[PDB]
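To begin, one chain is listed below as structure tokens, in the form deposited in one PDB entry.
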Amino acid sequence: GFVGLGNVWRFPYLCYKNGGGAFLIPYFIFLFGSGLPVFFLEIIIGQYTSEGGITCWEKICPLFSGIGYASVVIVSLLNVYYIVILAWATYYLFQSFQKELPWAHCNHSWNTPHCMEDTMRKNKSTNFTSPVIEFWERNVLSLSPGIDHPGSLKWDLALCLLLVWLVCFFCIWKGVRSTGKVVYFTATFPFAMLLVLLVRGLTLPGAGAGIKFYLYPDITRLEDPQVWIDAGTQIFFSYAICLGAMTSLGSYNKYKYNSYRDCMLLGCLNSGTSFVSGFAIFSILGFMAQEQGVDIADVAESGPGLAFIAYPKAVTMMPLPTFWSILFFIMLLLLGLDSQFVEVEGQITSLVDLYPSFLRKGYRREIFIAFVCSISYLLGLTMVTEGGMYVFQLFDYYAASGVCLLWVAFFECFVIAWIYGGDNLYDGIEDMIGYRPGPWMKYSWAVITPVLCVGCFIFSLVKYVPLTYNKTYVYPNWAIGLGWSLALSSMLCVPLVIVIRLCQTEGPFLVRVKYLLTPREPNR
């Protein structure tokens, strides 16, 4: 279940946004420096404590327990916008049940008269747009001029959003497993369809330029600090780390269990599939580039939904457009639904034991399931509006990416490396997994991750570039302040809990900090 939408949507969009292969160098650097390190860190914390996200930190250190609450805020904010991605896929699937796909040609009402089939884009107001972009913006999104103009709500997406929310609600309400029936179909189908797209994508006449764009890096983009943050957060996003799910996932694992092999295996496949999937989508872009006579960096739309622009273009070029289009949206929806079933249930599982005596399992719990879904439905309803795409971009860049992931990832390593000690963790690890691992992990949590986290944070601050959508829309100042509020909401959690914890322990600050620094029953 390592495959998610991030690997097929977030990764391609981020890599496309950040030049070409210039994304890869920070991507693999962050992978081998922190990603697998912090992934194993959370997994082994879960195994050592056999406890949940917030509470395992309490076991490791009563102070700096705000990391757990920060994770809850991130997962909550993530679910609010992650579901809207599934809403688009569901709408596309519904539109893929018609004989001729709507985006195959642009002669319908919503298409701007300046549209022209990609086949004639080069064959024949110099700026000519494509049907695939038109359907996504003038039909699926009804893009408004700006975030300051919300406009009329699009009920089509709202209904699709309600459906996916209801599917998620019932699955959690009825304790339905994340993978339905046999896990194989839920597993091999994403691989099969991805390989179907890859074979089609590579075979495309323009795939050569796309792969060269995909792999050959640009050192100039490395100077811009945004690529380092995005690559670092990409890994943080795809592995679903710093959200408390992996700590819960490691909880179920037995004390005597070789989680090291699982983490490095599941870690490399999750990134490996993303890298392979990057070949397919970027191969499409090269084909679109030469067919349209437009540069690869400008042939697609640099906003979330690159998976909704290049991949539906491939299914159009597939032997049976309708057949393949339906299957793609099925696997796309499948990769998102299973993620939601696990990540949504994580916070309620985190919330139910967070505030007991009121959320007892049963009547109190069942209404809470709808309560979480409904409030998050109204909040997720904002992205449905015509200008809700821009709000979505703020949620993607800030709520569960950007500085927020770096800050929490830093404190996860900062606590374990110094307050708890990387050497002290190995003593449990060799007891648990049976053998003491090498020095790659210890020198990553203590040095590589803290250096990478702060350096990206600091260089971001001095070289501050405001967030832009489609590299052409400048956000208003208030929206950036609103966007930072989501990030500040999660990051402020750690310091806030520290102050509360210190107050609880009346006494000299030094005595109080030392008292609560002591780990409390780390393992049983």
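From 1 onward, residues are counted along the sequence shown. Rigid core here is just the name for the largest C-alpha set that superposes within 1.5 Å across the two forms.
Heads up, the form deposited in another entry isn't pictured, but that's what we're talking about next.
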Requested in this report: Considering only 178, 322, 382, 290, single out the residue whose C-alpha is displaced by at least 2 Å between this form and the one not shown after superposing the rigid core.
Outcome: 178
Query raised in the report: Does superposing the core leave residue 205 with a CA shift of 2 Å or more between this form and the one not shown?
Result: no
**Report entry** Did residue 359 shift 2 Å or more between this form and the one not shown, C-alpha, core superposed
**Finding:** yes
